[PDB]
Each structure stands twice: as C-alpha cells, then as structure tokens.
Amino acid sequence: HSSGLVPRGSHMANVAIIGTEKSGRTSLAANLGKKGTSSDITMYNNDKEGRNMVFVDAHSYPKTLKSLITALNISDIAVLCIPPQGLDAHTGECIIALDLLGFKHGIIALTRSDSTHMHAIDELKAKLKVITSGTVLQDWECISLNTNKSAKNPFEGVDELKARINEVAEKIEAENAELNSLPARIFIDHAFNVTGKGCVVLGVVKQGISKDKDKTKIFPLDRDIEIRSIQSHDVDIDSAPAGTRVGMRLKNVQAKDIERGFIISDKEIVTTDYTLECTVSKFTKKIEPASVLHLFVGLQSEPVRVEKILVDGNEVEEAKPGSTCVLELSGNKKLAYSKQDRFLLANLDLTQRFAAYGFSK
C-alpha cells in the first residue's frame, strides 16, 4: 500500500556529469534535463522520460573539489566528459578521484564529436583503454557524442548515452533495493526556508526506506526531528527507498542551522578527530606528521592536521605515495559519519589534489 493514485515505482537514476574545463559538461547536462537547484553544483531534472532522473553538473570543478565530491557522493552513475585531445591534468584528477572512491558505475562521454573525426576518436578510445586499465573505469563504455543541433551529425551518440544510462540505472535499482532493509540514512545537500512551509531539505536516501512522519534525528546537531512530509519530483510520497532523491519538510529544526553534509538518521558518529585506515594515491606527495590536508566524508569537507602516522601498529615519520597506513587526524568542526562512509583526503595546493581514501578505525 502506498500514497497517491500510482506508486512511484522505483525507476530512478542519480547521475553526475563531470570532467575537465571545456569538456561540454554543462551543455550535456543542460540538454538532458530541466535546470533546477543551483548552488556550486546544478541539478538538471528529467522525470519526463520514465525514470526520475537527476543529472548533477559539478560546475564549480576544477576550481573546487567539493563541487566534484558532492556531485559524486549524491550520485550512483558518473559520466566523465572528455573532449578531443582532452587527456589533461583535470581529466587525470577526475579519473584518480573516481578510482579512489571505488566508483562502480559509469560511462565516458567523448564529447564534441562534431569537432573531430572517427579515426581520431578511435585513437582517443585506444588511449583511454590504457589510462583506465587496472582502475574502476576499466570496463566503462566510451560513447562519442555531441549536443550540437547544427552539426553534420546533430546529437549523435546522445541516444546511445541515454540508453546506456538506463541500462546501468536498472542494475543500480536492484543494488539499492538490497539496502532497503537497513536503517534509514538521508544525506542533505541543500536546506532552505519556504514561505508558509518552513524548513525544507533536499537530499538523497543512502540506505533503508525513509517514511513520512518518521521521528528520527539530525546529525551532527544530535537533535530530535520529525519528517513532516517527503516529496519526490514535487509530489508528496509516503516513503522513499534507498536511492530516492527527496525534498523533506522537517519539524524541530531551522534551515539556518542545517548545512550540506548533515545527516538524517537515528544514530551517527560525531567527532572532530579521526583515526583512518588509509591507502595513499601513487600520484601525490608523501604525507608527514603536522601536514595539513582536506578531508571529505559524505557531503562534508574540512581542513585537518596529520597528528600521527602508523604502519602495522608502529609509528613512522611519513606515508609514501602508494602505501597503506593509519592516519590520526585532527580538525576543528564536528562531522557526522558512520563506519561505512568512505573518507577522501586531499591537498588543495597540489596539481593533482587527491591524496588518499580511508575508513574510520
């Protein structure tokens, strides 16, 4: 039994459209759905074509990593846009990020096809087979496409992209359905006031099934709240299973006190210090005690200091690129997480900024 006249009936896909500068990212996203929520990322919604699809354009990347990381941590499918001759620093950084995230499902969009030639496209694909070997992208399809209605071959490859997205989305729906039995957690990406309709948050159900009228908590505040209503593409729904992008009216909390990265759930760890078992990128600098890094977990980010490095339980003076270690880290602000949340570490002053992934000990 469910609300309304027709069940919402799963079908959804949360897609991140990412990549380097001048890769056609915004153009692709903007042609895949209607412009919605817009901050340092922009949602393009398309619930007109079967699935409740949302495409997130990380449009403030490469300037900021948080734009990229937010897009990726609220999405289940990544579309990496690489333009002709587009094997540059930020393309490599995107590849590294996706591989550190263990990002399962994705597609490479070889954009601007009208500006290139089949033989050049085949050479770029050959090259990519190599760069992606031994990474999570190794079996991603590469689809040549453009979003130019005036090209000789207008919008070639777009239909094939959409078809592949739908194919991948189907696999994700089944994986997300397995999570329905877990306790509910919802990651918040936006919070604002709506007139005569107070505190509203936008986010995604990460696991379980969130239900209208649930009495639960918000972290890191550690405050009791009630879910007053849940909306899915603007229609009130009684429940929202894992993978569902939601709007929620909340009781007992003001939008002014909620930030992106807050979590709705019955229980979260809240700390300002972290002990992470980490694997260090091969493409970063050795990490040393007292060094400063940037930590991402869920949709939160903040500066941290490396207090201690350990290997096999013994303290060391460095963690080299491509090594495994335990890092004891300190920060200022309280962050909320559970042990299943993957952490990323970055050095914002480097060219390739991702340093490591880790999990809380």
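Residues carry their position along the shown sequence, with the first being 1.
Novice: Compare the mean C-alpha B-factor of 90-98 with that of 274-282 as given in the PDB entry, and name the stretch with the higher value.
Specialist: Comparing 90-98 with 274-282, the higher average CA B-factor belongs to 274-282.
Novice: Out of 134-142 and 179-187, which stretch has the higher average CA B-factor listed in the record?
Specialist: Per the deposited B-factors, the answer is 134-142.
Novice: From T244, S75, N193, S210, can you pick the one with the highest C-alpha B factor in the entry?
Specialist: Most elevated C-alpha B-factor of the set, per the entry: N193.
Novice: Please work out which residue in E170, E259, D214, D114 has the highest C-alpha B-factor recorded for this crystal structure.
Specialist: If I rank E170, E259, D214, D114 by C-alpha B-factor, first place goes to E170.
Novice: Check where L335 lands among this chain's C-alpha B-factors and tell me if it's the lowest, middle or highest third.
Specialist: It belongs to the middle third of the chain when residues are ordered by C-alpha B-factor.
Novice: Ranking the modelled residues of this chain by C-alpha B-factor as given in the entry, is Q300 in the lowest, middle or highest third?
Specialist: Middle third - that is where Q300 ends up once the chain's C-alpha B-factors are sorted.
Novice: Going by the entry, which third of its chain does the Cα temperature factor of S10 land in?
Specialist: Top third by C-alpha B-factor.
Novice: Grab the CA temperature factor for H233 from the record and place it in the lowest, middle or highest third of its chain.
Specialist: As the PDB entry reports it, the C-alpha B-factor of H233 lands in the highest third of its chain.
Novice: Ordered by C-alpha B-factor within the chain, which third holds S265? Give me lowest, middle or highest, please.
Specialist: Ranked within chain, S265 CA B lands in the lowest tercile.
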